[PDB]
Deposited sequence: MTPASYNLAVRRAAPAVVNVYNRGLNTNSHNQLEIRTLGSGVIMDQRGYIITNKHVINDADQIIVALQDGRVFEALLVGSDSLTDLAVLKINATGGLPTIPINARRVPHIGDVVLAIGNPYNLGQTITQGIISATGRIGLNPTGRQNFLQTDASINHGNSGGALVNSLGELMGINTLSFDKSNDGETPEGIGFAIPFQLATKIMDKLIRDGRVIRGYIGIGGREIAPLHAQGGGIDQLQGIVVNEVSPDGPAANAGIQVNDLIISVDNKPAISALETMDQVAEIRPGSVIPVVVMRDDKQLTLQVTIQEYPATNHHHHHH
């Protein structure tokens, strides 16, 4: 008989998970390059784009990437996002690169087996399940809406890959309380990377409104916010946003986040139609 094994996922995925080194020039008195911080990263495609954690590369004078096949590259920082703790790196590779398996049509499910891959002790693999799937939208809601897993997530595998039993990327491990780890869902991680590549930063739309649906009841209105300037008031009920029926608070704030700053959109509330000018997130 065949022993039960996730080795298939490992062989398919693991070569695309790299070591990431943060080196400073002010770290020691002799101003020689020295490692400040270590972490993991995931090679996304053959152009040399790599996703890692922002906290791994913060204030780096030099970023080094090391592949499992022995190759070492200096990396350039494309951009970073504090809200997701993600950063994107670019290495210049000759001769091809290993790349993480991805299936964009795969729907992650609570209970899916996952392996956490991270690269002192060498490349480590730990196993768990998806505890919670989290949200793929741009509106930051906090950590509760990231992907949760009971696969051990430590400083060793942070910025590394979370894959399913087929070796397909589920998310990017991010260190952040009791026996539970977090990852950025891959669908969101991909969106963040494309935005960082294009704009050098993640641009979010911000309407400055709190609320919860029973339409959507407004609990609070941010001061000097787009909603306040438009004339929106507390206790008001928003039945539509940008010609999109609003059945949900979380769903609506995700829609706003996609809307580019400077865009004017109708906000229907009960019936007064207000013209709101979307602004960049804080």
| item | value |
| --- | --- |
| Sequence order list of spans that the model leaves without C-alpha positions, deposited numbering | 120 to 121, 179 to 187, 226 to 239, 296 to 299, 312 to 320 |
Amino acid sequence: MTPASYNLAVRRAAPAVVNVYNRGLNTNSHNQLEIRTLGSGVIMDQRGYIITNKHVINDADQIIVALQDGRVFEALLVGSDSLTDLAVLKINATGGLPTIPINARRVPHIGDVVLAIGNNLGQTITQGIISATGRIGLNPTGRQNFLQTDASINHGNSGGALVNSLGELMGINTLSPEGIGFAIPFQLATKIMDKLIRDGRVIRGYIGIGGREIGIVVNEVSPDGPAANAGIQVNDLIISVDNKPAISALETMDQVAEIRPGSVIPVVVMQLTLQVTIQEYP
From here on, numbers count along this sequence of modelled residues.
property	result
Selected stretch [higher average CA B-factor]: 241 to 249 or 50 to 58	241 to 249
Per the entry, higher mean C-alpha B factor between 19 to 27 and 258 to 266	258 to 266
Among 137, 111, 122, 210 - the residue whose C-alpha B-factor is largest in the record	210
Candidate residues 45, 236, 34, 69, the one whose C-alpha B factor the record puts highest	236
Chain third (lowest, middle, highest) by recorded CA B-factor, residue given as residue 156	middle
Within-chain third of residue 95 by Cα B-factor, per the entry	middle
Residue 80 - Cα temperature factor, lowest/middle/highest third of chain	middle
Chain third (lowest, middle, highest) by recorded CA B-factor, residue given as residue 190	middle
CA B-factor placement of residue 5, once the chain's modelled residues are sorted into thirds	lowest
